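Just below is one structure, and these are the notes that go with it.
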Amino acid sequence: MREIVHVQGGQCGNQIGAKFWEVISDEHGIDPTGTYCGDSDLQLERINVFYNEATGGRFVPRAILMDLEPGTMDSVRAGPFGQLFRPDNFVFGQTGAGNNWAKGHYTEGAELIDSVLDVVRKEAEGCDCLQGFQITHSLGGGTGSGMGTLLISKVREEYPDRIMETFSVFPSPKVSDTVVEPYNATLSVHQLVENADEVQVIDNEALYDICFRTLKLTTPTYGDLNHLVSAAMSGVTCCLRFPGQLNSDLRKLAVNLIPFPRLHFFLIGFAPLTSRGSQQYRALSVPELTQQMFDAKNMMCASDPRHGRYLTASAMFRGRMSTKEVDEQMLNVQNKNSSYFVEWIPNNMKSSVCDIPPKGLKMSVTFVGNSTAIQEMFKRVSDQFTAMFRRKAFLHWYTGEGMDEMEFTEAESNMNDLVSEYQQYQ
Amino acid sequence: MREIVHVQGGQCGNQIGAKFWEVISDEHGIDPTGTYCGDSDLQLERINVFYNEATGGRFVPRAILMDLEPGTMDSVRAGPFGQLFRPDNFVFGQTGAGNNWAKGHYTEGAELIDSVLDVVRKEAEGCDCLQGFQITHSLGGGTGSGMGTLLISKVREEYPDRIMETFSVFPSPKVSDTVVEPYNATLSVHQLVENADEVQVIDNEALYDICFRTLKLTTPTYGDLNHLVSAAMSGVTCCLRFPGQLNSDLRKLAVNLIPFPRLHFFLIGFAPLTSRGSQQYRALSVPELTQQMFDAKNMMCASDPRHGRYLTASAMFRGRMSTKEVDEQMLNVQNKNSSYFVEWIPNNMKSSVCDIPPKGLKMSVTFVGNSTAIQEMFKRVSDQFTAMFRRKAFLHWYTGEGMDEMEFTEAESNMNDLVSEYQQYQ
Amino acid sequence: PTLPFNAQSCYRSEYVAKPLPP
Amino acid sequence: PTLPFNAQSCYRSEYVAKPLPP
Amino acid sequence: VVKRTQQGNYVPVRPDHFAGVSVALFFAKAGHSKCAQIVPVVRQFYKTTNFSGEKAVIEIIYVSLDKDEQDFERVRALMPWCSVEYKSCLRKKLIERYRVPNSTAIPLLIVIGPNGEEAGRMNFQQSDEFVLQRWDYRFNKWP
Amino acid sequence: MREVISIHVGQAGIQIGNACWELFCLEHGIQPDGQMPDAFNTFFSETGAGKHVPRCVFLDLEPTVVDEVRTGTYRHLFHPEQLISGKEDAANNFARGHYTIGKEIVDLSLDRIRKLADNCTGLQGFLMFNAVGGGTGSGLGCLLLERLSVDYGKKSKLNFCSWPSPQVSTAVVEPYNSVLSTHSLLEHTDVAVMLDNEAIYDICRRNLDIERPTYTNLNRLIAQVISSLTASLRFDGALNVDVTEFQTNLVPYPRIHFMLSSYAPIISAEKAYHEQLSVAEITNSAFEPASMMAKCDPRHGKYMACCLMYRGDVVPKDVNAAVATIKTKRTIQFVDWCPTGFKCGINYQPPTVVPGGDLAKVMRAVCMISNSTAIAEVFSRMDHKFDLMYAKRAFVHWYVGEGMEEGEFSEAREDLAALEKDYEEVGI
Amino acid sequence: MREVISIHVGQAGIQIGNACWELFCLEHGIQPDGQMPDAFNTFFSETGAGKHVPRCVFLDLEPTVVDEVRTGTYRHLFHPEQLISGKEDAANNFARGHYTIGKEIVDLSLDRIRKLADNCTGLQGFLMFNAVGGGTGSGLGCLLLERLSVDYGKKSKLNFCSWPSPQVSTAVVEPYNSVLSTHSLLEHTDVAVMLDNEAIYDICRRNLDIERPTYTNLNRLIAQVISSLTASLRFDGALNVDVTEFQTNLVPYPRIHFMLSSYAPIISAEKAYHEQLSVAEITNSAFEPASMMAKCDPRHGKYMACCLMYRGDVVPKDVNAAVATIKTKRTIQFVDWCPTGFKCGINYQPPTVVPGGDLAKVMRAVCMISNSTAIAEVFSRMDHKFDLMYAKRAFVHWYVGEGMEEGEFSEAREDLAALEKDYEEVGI
């Protein structure tokens with residue numbers, strides 16, 4: 001049938017991807033030892049989208065765990081639900097790309113690609129024909145931003161007719177780790193706009209805003225934030241695994257969303273997000289789901305969308321919705337928020353119905369919005385890059401690994417063009 | 001009907017031969033004493049191919065043990081399944097050949113063939129219809145390479161109709177034993193090409209490499225290497241012993257894999273090979289068998305197979321299984337890997353279904369492939385031979401025992417033609 | 001226990017083998 | 001420490017006693 | 001010796017029940033992975049094929065190879081078809097007479113003619129899952 | 001001998017089709033199996049001794065809608081060779097369903113149509129069921145029916161198209177699929193009945209009294225109209241019509257063949273007890289503008305041809321009495337150049353009600369198909385939507401990247417410009 | 001009555017022929033013991049205490065397959081002498097099976113044949129099952145074909161050879177054995193039916209949906225074919241055709257007797273009963289290339305002759321109707337010089353089934369034995385394989401070693417060239 005190949009890169013990627021397989025195993029009901037319990041034929045009528053039979057009845061995930069630092073995915077192995085993953089699917093490293101984009105891509109990476117491309121195509125070619133790829137990584141880091149971006153480039157030229165879509169975190173405005181952010185980000189973007197089909201942006205302090213203002217949780221760890229991202233990843237690809245009224249595919253939302261090939265960077269939403277206290281006030285129904293779609297504090301990325309106009313957007317509703325109150329209100333939010341959307345497209349805002357609600361809730365909706373609010377955010381990284389390029393700050397670590405003075409200027413110009421293309425469309 | 005006569009020569013031949021009779025007795029359910037247990041017809045209906053009834057109910061092997069030191073003969077007797085061999089079938093050397101192919105063949109072995117050719121004459125002639133012989137020996141060593149090759153020469157001119165197949169181990173690539181490998185290996189090879197029908201080549205570095213990545217065994221002794229090589233040995237002759245959908249004897253394979261007379265060197269593989277940990281995380285089916293069985297990381301002989309072209313090959317499948325996916329996979333692997341095979345020969349592959357699986361597994365395959373990629377090993381042996389010979393090194397032991405100067409030049413001239421013959425068809 | 005599946009598809013649930021008119 | 005032999009020929013599994021046409 | 005599970009308690013089953021239909025013996029475990037795999041698909045198949053129409057058309061007698069009363073009762077309590085009594089000799093008679101080794105031999109469906117013998121043998125321990133539709137009752141139904 | 005081959009292409013065609021086939025089986029008294037325990041000859045072949053198989057083909061590229069039919073309770077009814085699935089979806093693209101992926105699937109589909117048609121002569125026509133705004137519903141619909149027009153040139157084609165609604169569209173490519181489809185369906189089809197979606201939402205709202213209509217309840221009402229269409233073919237009556245004698249009565253000029261539909265009554269079981277459905281009143285509700293199934297509003301319309309297929313216990317003496325009162329009614333206005341605009345037909349069979357359905361047991365029903373000049377507004381709005389999206393070449397890169405030559409949108413524009421001016425010229 | 005002798009040579013011949021004797025024993029109601037609880041006389045003799053023994057001989061050089069039959073359930077069904085075994089395998093060497101080890105077993109073989117043919121006069125002919133690619137199948141097959149041709153020179157000799165497949169081989173020296181046997185069966189046999197192993201793998205995959213087959217599935221399908229050829233001899237029918245009139249209607253020239261096979265329907269257990277195997281479509285499910293049992297596309301060939309054998313609820317009206325629609329259907333081409341290219345045979349007895357086997361009961365079936373000029377590709381493909389082997393004498397030393405003279409490769413090559421030219425000439 002249809003296959004989605006999962007690849008996790010970087011420290012960020014393996015930690016996110018650990019909780020993604022938490023929720024996916026929980027959607028279908030696979031016990032962490034690999035056995036199935038949940039006794040429903042419609043749960044796993046489409047099971048082969050993510051997993052494989054093993055003549056013991058166990059399902060192993062089609063995940064390729066991928067890094068250069070042998071400790072971070074050693075963590076994943078010992079953790080809960082770590083015994084799902086195939087031991088052969090691990091591709092260790094020894095040295096570790098120490099936050100240098102240069103050594104992730106060209107020098108240090110190149111001797112490990114001989115292994116990771118082997119394992120990816122052996123799982124690819126095994127089936128009838130592939131559908132897509134998933135890459136979970138960070139574009140601030142070294143081993144995810146650079147060495148993961150190599151794996152983006154090679155599999156694209158090998159399967160040009162397939163799709164792939166990634167979930168990538170970016171530098172945050174106030175807090176910022178990893179002092180080479182804009183070197184790692186800008187070098188990754190100008191490769192990402194050339195060899196990737198779809199990117200979902202995540203901001204760290206936008207996630208922190210969620211767990212303060214909405215969730216009413218004082219001090220949880222990365223576990224809670226990954227849970228929110230894992231729900232969003234499950235929400236986008238729900239429709240491949242379950243039927244519905246208005247069906248969806250990754251490629252069908254691909255053709256629906258992007259107007260021009262250059263701009264394919266997407267915002268994320270999710271609902272419901274009220275606390276334990278506020279649960280009993282709300283009586284969940286179609287209009288209040290849509291109202292907290294268009295709540296700026298509920299946005300997964302902290303680029304304030306009120307400044308820009310939404311170019312287009314999608315809403316994969318999940319549950320048992322009555323379709324008239326779905327689409328009429330879907331039009332209603334376009335008329336109500338008149339200036340919030342763009343003028344030259346009639347029917348800016350879209351819908352789907354994914355017939356199975358997630359367990360523990362009854363109605364859910366995932367927002368994917370191609371906004372122009374990312375104008376200010378890439379302009380943030382643009383100025384941050386120019387600040388440490390005017391006289392070659394931190395340049396020697398990159399330059400020593402086969403970089404050029406010319407290739408840095410191309411990355412600035414190329415990523416600046418992406419800024420220009422968004423600003424033109426207003 | 002048919003009986004196969006076993007000959008075990010040398011140090012390596014006895015150890016790989018002792019472990020060989022361990023698994024055949026296991027397969028046929030023979031007690032270490034010699035009795036039978038397992039109360040089924042299929043094991044016992046064809047047993048005279050390897051065994052002989054003694055009017056006590058006990059089955060004795062049709063094997064002739066042969067060595068010039070009584071030490072390694074003692075060890076084989078003293079182990080389990082040691083009481084099974086006939087005491088009279090042991091033949092003893094009171095002197096011992098120290099690595100010298102000259103004394104193994106011209107001087108010391110010459111007077112002990114007279115003793116052992118009597119034994120093999122009595123056993124072979126007593127049967128209804130002989131099929132052929134199998135010989136397990138080393139080529140590095142003196143007794144294996146020397147006397148083992150002489151006995152090959154003597155019974156070919158005596159029984160010119162019957163088949164012969166040899167399980168010979170070669171000098172290893174990286175490190176070595178028996179410092180005069182080229183003075184033993186090359187002196188056997190030009191004689192082995194003249195009086196042998198099939199040669200199955202084993203390398204120790206290949207067996208170390210197999211036992212490392214696949215089986216994940218930390219400490220591989222010769223207990224498991226001989227166990228692994230013996231698993232390939234039983235897979236070759238399974239169709240002779242058990243009923244199957246497509247039967248395939250030795251003579252079946254010989255006419256099948258040999259284009260030209262002089263090129264009859266093989267490349268052996270076995271499948272499946274998985275660790276105890278990763279036993280139940282794979283799907284043991286005929287797509288997965290063929291992907292594992294055609295691999296550079298599966299061959300028992302460490303010549304790189306994708307540096308050459310496969311001239312002819314055979315896959316003898318085993319188990320309760322079924323004849324179209326095994327049939328389609330042969331077509332599938334041939335269509336995809338067009339550059340890996342030879343062009344002027346279509347339909348290179350063979351299928352042979354052997355309905356009884358190897359014991360304790362469910363579905364298996366042995367792979368015997370006549371590849372031109374094994375020309376690397378004949379060059380490398382000959383490359384070592386030229387350097388020693390042009391400097392007249394280590395020669396005074398060979399020429400002291402009664403070997404001619406001319407013989408070495410003839411041997412080098414022979415294998416140089418063998419390389420050039422393989423090379424011409426790439 | 002992990003929490004249960006309650007949906008049934010509309011096509012299964014409504015196109016039942018009807019008793020035939022005479 | 002062996003296991004039973006549980007392999008069956010292709011012949012015996014399908015060349016069996018047959019119920020006659022009437 | 002054969003037990004029909006009904007609303008409130010367990011009743012010995014009517015002699016008229018097995019007449020006119022196809023009866024399959026279902027050789028199974030409790031708690032086994034493939035057992036838990038094969039129970040719901042067979043339940044769906046049973047439900048659809050019996051409720052599609054007026055008369056019952058098939059009947060599956062479930063036979064256990066459990067070593068516990070609790071396990072037997074637990075796996076038996078959640079099924080719509082009848083079963084065999086745990087202490088009854090006929091269960092072990094069926095095991096010895098059909099030669100399940102008691103593993104790859106579970107679960108098993110042996111469909112039975114009027115003569116209490118093997119009218120059809122079918123194994124689940126394989127890739128294919130259309131075997132449920134493959135078993136057809138229009139070819140082997142009893143007096 | 002006397003039959004019609006039905007074709008379902010695209011999702012909307014498919015799940016309308018499984019709704020109409022369950023109705024067709026139920027009226028004929030055939031089981032899901034396909035055997036009763038010469039009326040059925042128009043919609044079924046006779047298989048061996050006593051069975052039937054539908055004269056239909058199931059064509060879609062995504063398998064998810066047609067495989068579910070293969071696993072439902074209508075398994076054994078359909079012949080398994082024409083339940084055709086592709087592998088990947090057409091994905092809201094005209095050029096995809098017409099050029100690239102559609103090629104490999106029509107070759108098999110044409111074979112089964114031609115095998116179903118070579119059984120007997122005197123084939124009546126085709127019943128296409130497809131959406132317009134969809135990908136495979138539009139692209140694959142053209143390529144299959146274009147091949148049929150070459151081979152079976154002089155037969156009728158009934159394209160029961162589901163038009164994109166005026167307000168709710170649920171794609172960018174609704175104008176981009178509709179304009180190109182009708183360009184490549186105008187000169188291929190004979191009669192194309194206009195069907196809407198949210199014109200049936202409000203039908204269920206005001207009449208049927210259902211707050212929450214789904215896609216199934218939409219398709220039952222569609223199924224009722226099609227049964228009333230072919231009731232004349234299936235059974236006997238006082239005065240019958242035929243699918244060959246539609247376009248004689250309804251297509252005055254060779255291009256003007258977009259026509260609406262209506263049905264009456266649509267009365268819930270609660271309110272049905274409060275009304276005796278007489279011929280005088282059910283014909284009034286049929287012509288009432290809020291009871292038609294496209295709401296292409298006819299008050300500004302100018303009626304040209306109407307075909308009233310009365311069904312059930314209706315006598316000829318009151319049907320002419322009913323139509324007489326209509327002509328003198330002021331609001332329903334006919335065009336000057338066409339003096340007689342009524343052709344009416346009677347059948348003896350009452351409408352069939354499905355068990356556990358939405359519609360109540362009525363004794364009489366009227367099905368309308370009407371050619372009107374109101375269709376100017378449904379084409380003018382669709383032209384306007386295209387012009388705004390084509391102002392700066394939105395989403396063209398998907399179409400031109402697929403293989404369809406740029407500028408094909410321009411010839412499809414001038415065709416729709418000619419079509420929108422032909423209605424306004426006629427209605428003067 | 002008038003009987004037929006079946007001869008099995010080689011491993012393929014033993015295994016395929018035993019499926020044939022499982023089917024023949026089943027349909028005539030005789031037990032594996034051989035006694036029932038004059039129609040069967042065409043395949044079984046009489047013997048003493050009401051027990052029937054087949055008219056077959058089992059020949060193989062290696063004992064590994066014929067000894068297994070002796071220990072099988074049919075241990076009492078065959079005569080002990082009728083299953084002849086050697087001690088050493090031929091081992092894919094046509095030279096070995098024809099010269100060295102062939103002569104010591106051929107004499108014992110034709111002793112039993114002499115005794116079994118002298119039981120009654122007026123017997124039909126011979127059926128021979130052999131593997132072309134195999135050693136003893138090609139070797140010993142020629143020796144019996146040579147020596148029976150000189151003694152029983154009068155009679156018909158039909159051959160059902162498992163011809164090697166295009167890509168799939170089950171050997172590599174098989175191009176040698178193919179062209180060597182072809183020289184020896186051109187001028188010594190009467191009718192040869194070419195079988196392909198991987199073509200029936202295609203059949204089991206798409207028609208019957210067995211994703212996971214085996215040799216037991218192969219030989220069941222072959223046994224249904226052989227029973228359909230010889231159905232007219234055994235059971236009464238509307239219009240019978242025997243093995244004597246096969247070569248009359250299918251062999252225009254003495255050299256040209258290489259003809260394909262097809263069977264319809266090949267349908268599953270559950271698949272079948274829910275769709276009628278109509279007489280019209282049961283033939284439409286026979287003339288397509290994918291249903292043909294040789295992997296030899298006849299689309300780039302011309303059909304020279306055709307013989308259809310129907311079995312079961314078949315009426316002469318539907319046979320003539322089915323032939324007429326095929327001839328007027330364009331996708332197949334008949335040769336200009338053969339207008340009466342059809343020969344119809346109808347038998348009353350329905351196809352028998354092996355219960356819980358592979359197929360099901362269907363009320364009717366058709367078996368095709370068709371002679372065409374499509375065979376020109378399979379001999380040219382075999383020739384192109386052979387010239388690359390013979391370019392530098394590969395695997396010749398094994399052949400010449402035993403006693404076969406070098407140069408028999410040369411003359412057999414030019415004969416296949418002579419055979420290739422005749423097929424090209426006749427197709428004008």
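Labels for the structure tokens follow display order: chains A, B, ..., residues from 1 in each chain, ligands from 1.
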
Using every Cα, in order, as the fitting set, what is the least-squares RMSD of chain D against chain C?
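Chain C versus chain D: RMSD of 1.3 Å.
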
Do me a favour and pick out the residues of chain G within 7 Å of chain E, using only C-alpha atoms, as number ranges by chain.
G: 269-270, 356

Write out as a PDB file with C-alpha atoms, in the first residue's frame each polymer residue whose atoms come within 10 Å of residue 23 (chain A), counting only C-alpha atoms; drop sequence neighbours fewer than 5 positions from it.
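result.pdb, freshly written:
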```pdb
ATOM      1  CA  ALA A  18      10.619   9.183  20.739  1.00  0.00           C
ATOM      2  CA  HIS A  28      -3.431   2.124  16.927  1.00  0.00           C
ATOM      3  CA  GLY A  29      -2.802   0.218  20.167  1.00  0.00           C
ATOM      4  CA  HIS A 227       3.567  15.712  23.425  1.00  0.00           C
ATOM      5  CA  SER A 230       3.562  14.678  18.582  1.00  0.00           C
ATOM      6  CA  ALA A 231      -0.192  15.369  18.548  1.00  0.00           C
ATOM      7  CA  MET A 233       2.305  15.334  13.676  1.00  0.00           C
ATOM      8  CA  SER A 234      -0.375  12.662  14.297  1.00  0.00           C
ATOM      9  CA  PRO A 358      -8.103  10.947  19.060  1.00  0.00           C
TER      10      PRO A 358
END
```

Check every residue of chain E for an atom within 12 Å of chain D, counting only C-alpha atoms, and provide those that qualify as JSON, numbers by chain.
{"E": [99, 100, 101, 104, 105, 118, 119, 121]}

Could those residues be written to a file, using C-alpha atoms, as a PDB file, in the first residue's frame?
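For reference, again_12.pdb as written:
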```pdb
ATOM      1  CA  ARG E  99      -2.740 -33.966  16.050  1.00  0.00           C
ATOM      2  CA  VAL E 100      -2.125 -30.440  17.110  1.00  0.00           C
ATOM      3  CA  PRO E 101       1.398 -30.622  18.675  1.00  0.00           C
ATOM      4  CA  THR E 104       3.063 -22.317  14.775  1.00  0.00           C
ATOM      5  CA  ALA E 105       0.102 -24.738  14.998  1.00  0.00           C
ATOM      6  CA  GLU E 118     -11.560 -33.369   8.699  1.00  0.00           C
ATOM      7  CA  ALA E 119     -13.779 -31.863   5.973  1.00  0.00           C
ATOM      8  CA  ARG E 121      -7.978 -27.836   7.228  1.00  0.00           C
TER       9      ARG E 121
END
```

How close does each residue of chain E get to chain A, giving the shortest atom pair and distance in Å to one decimal for every residue with an atom at most 7 Å away, counting only C-alpha atoms, sorted by chain and residue number, as CSV?
```
residue,atom,partner,partner_atom,distance
E:33,CA,A:35,CA,6.5
E:34,CA,A:57,CA,6.5
E:40,CA,A:39,CA,6.0
```

If you run DSSP over the backbone, which residues in region 343-381 of chain F end up alpha helix (DSSP H)? Put them as a compact mmCIF listing (two decimals) with C-alpha atoms, in the first residue's frame.
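Output below, filename result_15.txt:
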```
# COMPACT_ATOMS: atom_id res chain seq x y z
CA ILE F 375 -28.24 28.62 -16.23
CA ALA F 376 -26.65 31.94 -17.32
CA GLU F 377 -26.13 32.81 -13.64
CA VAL F 378 -24.40 29.53 -12.69
CA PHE F 379 -21.98 30.01 -15.60
CA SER F 380 -21.48 33.76 -15.08
CA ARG F 381 -20.45 33.27 -11.42
```

Contacts between chain G and chain B, please, where a residue of chain B counts if it comes within 9 Å (with only C-alpha atoms); show its shortest atom pair and distance in Å to one decimal, rows by chain and ascending number, as CSV.
```
residue,atom,partner,partner_atom,distance
B:1,CA,G:87,CA,4.9
B:2,CA,G:87,CA,6.6
B:128,CA,G:87,CA,8.1
B:129,CA,G:87,CA,6.0
B:130,CA,G:88,CA,8.2
B:131,CA,G:88,CA,6.9
B:239,CA,G:64,CA,8.8
B:240,CA,G:64,CA,7.4
B:241,CA,G:64,CA,8.8
B:242,CA,G:64,CA,8.7
B:243,CA,G:64,CA,7.3
B:244,CA,G:65,CA,8.8
B:245,CA,G:215,CA,6.4
B:246,CA,G:11,CA,8.2
B:247,CA,G:64,CA,7.9
B:248,CA,G:91,CA,8.9
B:249,CA,G:91,CA,8.1
B:250,CA,G:91,CA,8.5
B:251,CA,G:91,CA,5.2
B:252,CA,G:91,CA,4.7
B:253,CA,G:91,CA,8.0
B:254,CA,G:91,CA,8.1
B:255,CA,G:92,CA,6.3
B:256,CA,G:172,CA,5.4
B:257,CA,G:172,CA,7.1
B:258,CA,G:395,CA,6.8
B:259,CA,G:395,CA,4.6
B:260,CA,G:394,CA,5.4
B:261,CA,G:397,CA,6.8
B:312,CA,G:172,CA,7.2
B:313,CA,G:172,CA,8.7
B:314,CA,G:171,CA,8.4
B:321,CA,G:214,CA,7.5
B:322,CA,G:214,CA,4.2
B:323,CA,G:214,CA,4.0
B:324,CA,G:213,CA,5.2
B:325,CA,G:212,CA,6.2
B:327,CA,G:168,CA,7.0
B:328,CA,G:168,CA,7.8
B:330,CA,G:168,CA,7.1
B:331,CA,G:168,CA,5.9
B:334,CA,G:167,CA,8.5
B:335,CA,G:167,CA,8.9
B:344,CA,G:388,CA,5.9
B:345,CA,G:385,CA,7.0
B:346,CA,G:167,CA,6.9
B:347,CA,G:167,CA,5.1
B:348,CA,G:172,CA,5.8
B:349,CA,G:169,CA,6.9
B:350,CA,G:170,CA,4.7
B:351,CA,G:170,CA,5.6
B:352,CA,G:170,CA,7.8
```

Env of residue 138 (chain B): 7 Å cut, atoms = only C-alpha atoms, seq-sep filter 2 positions within chain, self excluded. Answer as a PyMOL selection string.
chain B and resi 10+12-13+140-141+144-145+168-170

Test item: residues at most 10 Å from residue 42 (chain E), only C-alpha atoms, excluding those fewer than 5 positions along its chain, as a short mmCIF file (atom, residue, chain, number, x, y, z; two decimals) with N, CA, C and O atoms, in the first residue's frame:
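The resulting result.cif:
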```cif
data_model
loop_
_atom_site.label_atom_id
_atom_site.label_comp_id
_atom_site.auth_asym_id
_atom_site.auth_seq_id
_atom_site.Cartn_x
_atom_site.Cartn_y
_atom_site.Cartn_z
N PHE E 26 -12.29 -24.55 16.32
CA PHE E 26 -11.31 -23.49 16.40
C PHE E 26 -10.33 -23.83 17.52
O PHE E 26 -10.63 -23.65 18.69
N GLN E 37 -5.05 -11.84 17.82
CA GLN E 37 -5.16 -11.32 16.47
C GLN E 37 -6.37 -11.91 15.74
O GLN E 37 -7.07 -11.21 15.02
N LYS E 47 -20.36 -12.75 12.71
CA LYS E 47 -21.47 -11.81 12.86
C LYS E 47 -22.09 -11.45 11.51
O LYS E 47 -23.31 -11.55 11.36
N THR E 48 -21.24 -11.08 10.54
CA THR E 48 -21.73 -10.60 9.24
C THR E 48 -22.40 -11.74 8.48
O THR E 48 -23.46 -11.55 7.89
N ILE E 60 -19.10 -22.21 15.06
CA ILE E 60 -17.72 -22.50 15.43
C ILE E 60 -17.68 -22.95 16.88
O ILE E 60 -18.00 -22.18 17.78
N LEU E 132 -10.48 -16.30 5.70
CA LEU E 132 -11.79 -16.21 6.34
C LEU E 132 -12.89 -16.24 5.28
O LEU E 132 -13.85 -16.99 5.42
#
```

Identify, on the basis of only C-alpha atoms, every residue whose closest approach to residue 368 (chain A) does not exceed 10 Å; exclude the query and any residue fewer than 3 positions from it along the same chain; express the result as a list in words.
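Residues meeting the cut-off are residues 200, 232, 236, 253, 257, 265, 266, 267, 268, 269, 270, 293, 299, 300, 312, 313, 314, 315, 316, 350, 365 and 371 of chain A.
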
Keeping N, CA and C atoms, export the residues of the selection given above as a compact mmCIF listing (two decimals), in the first residue's frame.
```
# COMPACT_ATOMS: atom_id res chain seq x y z
N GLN A 200 7.30 22.33 8.47
CA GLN A 200 6.50 22.87 9.56
C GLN A 200 7.42 23.50 10.59
N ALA A 232 0.39 17.12 16.94
CA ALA A 232 0.30 17.86 15.69
C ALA A 232 0.75 17.01 14.51
N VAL A 236 -1.83 15.67 11.30
CA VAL A 236 -1.70 16.00 9.88
C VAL A 236 -1.89 14.74 9.04
N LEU A 253 -2.85 18.03 0.40
CA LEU A 253 -2.68 19.29 1.10
C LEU A 253 -1.43 20.02 0.59
N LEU A 257 -1.97 23.91 -0.78
CA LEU A 257 -1.42 24.97 0.06
C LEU A 257 -0.49 25.89 -0.73
N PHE A 265 6.69 27.00 3.81
CA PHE A 265 6.94 26.95 5.24
C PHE A 265 5.67 27.23 6.01
N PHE A 266 5.31 26.30 6.89
CA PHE A 266 3.97 26.28 7.46
C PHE A 266 3.98 26.45 8.97
N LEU A 267 2.95 27.17 9.44
CA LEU A 267 2.62 27.30 10.86
C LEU A 267 1.75 26.12 11.30
N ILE A 268 1.63 25.93 12.63
CA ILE A 268 0.91 24.80 13.22
C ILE A 268 -0.02 25.31 14.32
N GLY A 269 -1.22 24.72 14.37
CA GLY A 269 -2.12 24.92 15.49
C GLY A 269 -2.68 23.59 15.99
N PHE A 270 -3.33 23.62 17.16
CA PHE A 270 -4.04 22.48 17.71
C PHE A 270 -5.04 22.95 18.76
N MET A 293 -8.59 28.18 16.79
CA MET A 293 -7.69 28.17 15.64
C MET A 293 -7.11 29.57 15.40
N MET A 299 -0.96 29.79 18.55
CA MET A 299 -0.12 29.46 17.40
C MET A 299 1.16 28.78 17.86
N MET A 300 1.60 27.75 17.12
CA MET A 300 2.78 26.98 17.52
C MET A 300 4.07 27.77 17.32
N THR A 312 -2.83 31.34 2.63
CA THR A 312 -3.78 30.23 2.62
C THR A 312 -3.56 29.38 3.88
N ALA A 313 -4.52 28.49 4.16
CA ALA A 313 -4.46 27.66 5.36
C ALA A 313 -5.33 26.42 5.18
N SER A 314 -5.08 25.42 6.04
CA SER A 314 -5.83 24.17 6.07
C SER A 314 -6.23 23.84 7.50
N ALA A 315 -7.30 23.06 7.63
CA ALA A 315 -7.82 22.63 8.91
C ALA A 315 -8.29 21.19 8.80
N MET A 316 -7.49 20.26 9.33
CA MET A 316 -7.90 18.86 9.35
C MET A 316 -8.68 18.59 10.64
N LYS A 350 -9.59 26.29 4.31
CA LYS A 350 -10.00 24.98 3.83
C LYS A 350 -10.30 24.04 4.98
N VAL A 365 -8.82 19.37 15.98
CA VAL A 365 -8.55 20.05 14.73
C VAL A 365 -7.10 20.51 14.74
N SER A 371 1.25 31.39 6.12
CA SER A 371 1.09 32.82 6.34
C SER A 371 2.29 33.57 5.79
```

Near-region 274-287 of chain F list (7 Å; only C-alpha atoms; drop same-chain fewer than 4 positions) as a PyMOL selection string:
chain F and resi 262-265+291+318-319+322+364+366
